[PDB]
Structure formats: C-alpha cells, structure tokens
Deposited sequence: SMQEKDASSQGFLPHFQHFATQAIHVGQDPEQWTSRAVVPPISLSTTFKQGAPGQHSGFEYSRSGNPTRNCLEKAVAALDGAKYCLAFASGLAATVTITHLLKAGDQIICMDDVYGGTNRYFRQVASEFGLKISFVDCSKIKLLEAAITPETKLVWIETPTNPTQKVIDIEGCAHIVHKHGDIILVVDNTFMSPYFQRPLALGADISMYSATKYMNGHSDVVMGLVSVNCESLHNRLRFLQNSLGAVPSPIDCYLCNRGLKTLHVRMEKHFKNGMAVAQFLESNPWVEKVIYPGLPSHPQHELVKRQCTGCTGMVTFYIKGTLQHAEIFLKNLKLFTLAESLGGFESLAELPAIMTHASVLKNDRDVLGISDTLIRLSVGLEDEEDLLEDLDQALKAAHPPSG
C-alpha cells in the first residue's frame, strides 16, 4: 500500500554528477580536488576559490538534487550549519514556526540563538493542521518541520502543510528529511520549498562524515541560498564530499535493508511483554500509518519504544546490549541504542521534553545492517535481563 518506488533512483545515485567526460582522465569515480585556488586565464574571468566552490562539492551536489528530484542542491559542514544558513534567509522581525518535536540541536539553535537576532520562535504541532493554521501570522516567513520527528516519530502531512502555508503568501516550508532519505520520501514532490538533511546520518550512512544538504527548486530561493553558502562559509571539505558521494552509491540497498531489519525489530518489540509501547510508522499501530503509506515508499531503521517500568529498567536494558551500541547519532551501518532524555535531547528543556513524551523510559534504536536474527537475539536477551513489571 506504499507509494510506488521512484523510477531510476539507483541509476541516478550511481551516475549523476559522475560523468567521465568531465575530466582529462575519463575516470569513473571523480577525483578529489583539495585545492583552494585555481589559475585564472585573465583577471576578469571556471573555478576561482574552493569555498565558492569546487569540482567535488559540485558532483555531490548534482547527485543529491537528482535523488531529491530537485533542480539544485547545496552542501554544508553539518546539518546544523545547513539549518543556520537556512535561517539566514530571513531578517529581524521574522517569525519561525517549528515542529514541536525536533532534533535536540535544532530546538537549541532556534530557542537560544536565532531568538537573539530579532527572530520570533514558536513551537507548534504541526502534526495537527489546525494548530499550525492558527499560529501563522503576517510575520511568519519560515516553517520548519521534520517527519517523522526525532525522537517521537510523529508524522506530518507534508502536502497538507504545504497547501496551507502557501495560501498565506511568501512563506518558506522546510522539511528535514534526515530520517527517511529521498529514497523513501520526497518532500519537494509533496510541495515543500526546501528538503534538508543531516547527511551525517543515512545519506552518507557510514558514520565517518559530518555534513548538511539542502535541496531546492525555486530559482530565487536557490540564488539567495547560494549567496549564503559563500558568505557564511559553512562549507564541507572536498574529502568529506567524496566520502559522502561514495556512500550514496549504496543508499538504495542500504535503505531497503534498514527497512527489513527495522520492521522486524518493531514487530518483535511490539509482541514483547516487557515493552509498553512501540512507535514506528511501518506498523499499523502507528496513528499516522495510513498517512505514511501515502507520503513514503517505505520505512527506515528508526524504532522508538518505551520500556515498562522506570529509568532504572531502561538503564539495565541498555547496559546488557551486546550488539547494539550505546551511542548518539543514527542511520549508520551499525545498530545503536540511545536514551534521548538524557543524551541526544538533553538540550531540550525538561518541560518541553515532558509535554513531548520524551520520558526516562523512551529508547530510540537505530537499526543497522547486521543479521536480523542477531539484532533480535540481542534485544530479547537485554529485555529478559531488565524484566520490568509486566
């Protein structure tokens, strides 16, 4: 019942930005151009300064656009740099509405930093249309959403938000598509103005690159954003560019497997007597399940659950994992487990967390590409060991 997979996705992942006719070599894999300057044929003149920038950032960028079905893509030092740059599209007096449940670092940036520079920040859910409709003002100029949301995996109707945000006039809708990747979801096809990623996660997928990507269609938006790319200089390294472009080549066969494993894990957890509740859009227990099948071609490896009992039971459970690793980050090849309230989302004010449901009993799992059976044995084994009140 899912949206049928995007035609040509793998072919494009492999071949776009990657044409051999580009180099004197004819090489299949693009060379890494570390250099910061370029010889000019005459003063008023190709490439001129690496930060503006360069061959390897450009290849990555043509490829990510393609996969997003976009005309343009822009690459940054990190997902937060992408965010901070995106917010620089605005001015003092502007308002930003932000999905109430959102990456820790995003919350922090909007609440404690952008609010210092004449920007009004409102937190809204935004998974409920009429609340968003209410919060919009003549001052509103950016609407930032995430779906599913990190860590609670609330799911927003993107085309729904798109239609309503664009009725009001000149308002930019950004969708942070970190969790799903353009393999499973194309915010731009659903009417978003920007589709943004922390490429640190699934896009690169190999836990060895920190990076941001922003994809766009609108001509004037692209130009304004390109300016900010050069002017803020929050730019990724050419080597980082390369590694990430290398990671994309397997995005499709990585996301499929995250899908299989994720799904199995969420099914196993939901049948387990020691688990209170499982949130995973791929399950029919998910309140937005039907929506998910309309917006997405599948699901990812992110499974969040509440363990029965207290933080002490959550801790014993984490401490007994022998294959999942207790760490921050996600979307890598390796399975990771996490206690958002005290780790990844510690920078979200305690009251904000509790309204959100980020309790001491919430675990976020990032299901990796290991054997299903082993991920399953490890979870069984750890939950047995915690044995909370049933």
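What the model leaves out of the deposited chain are the segments 1-10, 56-57, 403.
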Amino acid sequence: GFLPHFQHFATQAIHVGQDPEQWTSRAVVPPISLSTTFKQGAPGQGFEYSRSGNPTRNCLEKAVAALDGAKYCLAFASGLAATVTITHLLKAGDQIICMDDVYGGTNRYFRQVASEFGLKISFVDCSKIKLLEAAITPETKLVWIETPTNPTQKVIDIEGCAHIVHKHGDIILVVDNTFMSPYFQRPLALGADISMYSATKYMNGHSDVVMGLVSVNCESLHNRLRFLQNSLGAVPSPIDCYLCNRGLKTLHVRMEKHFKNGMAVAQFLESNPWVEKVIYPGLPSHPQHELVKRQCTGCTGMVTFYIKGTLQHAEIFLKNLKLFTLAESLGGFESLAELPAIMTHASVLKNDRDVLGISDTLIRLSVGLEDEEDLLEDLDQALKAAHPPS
From here on, numbers count along this sequence of modelled residues.
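Rigid core here is just the name for the largest C-alpha set that superposes within 1.5 Å across the two forms.
Superposing the other copies on the rigid core and comparing 270-278 to 245-253, farther C-alpha placement in 4 other deposited structures of this protein marks 270-278.
Fitting each structure in 4 other deposited structures of this protein onto the rigid core and averaging C-alpha distances over structures and residues, 301-309 emerges as the more displaced of 192-200 and 301-309. Between the stretches 126-134 and 283-291, it is 126-134 that shows the larger average CA temperature factor.
For the two regions 173-181 and 95-103, the entry's Cα B-factors average higher over 95-103.
The maximum CA B-factor among the listed residues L365, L34, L60, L356, taken from the PDB record, is found at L356.
Of the candidates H313, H166, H252, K260, the deposited coordinates give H166 the top C-alpha B factor. Ranked by C-alpha B-factor against the other modelled residues of its chain, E276 falls in the lowest third. For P148, the recorded CA B-factor ranks within the middle third of the chain. Only modelled residues enter the ranking. When the modelled residues of the chain are ordered by their C-alpha B factor, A66 lands in the lowest third.
Per the PDB record, residue ranking by Cα B-factor puts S207 in the lowest third of the chain. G191: CA B factor lies in the middle third for its chain, per the PDB record.
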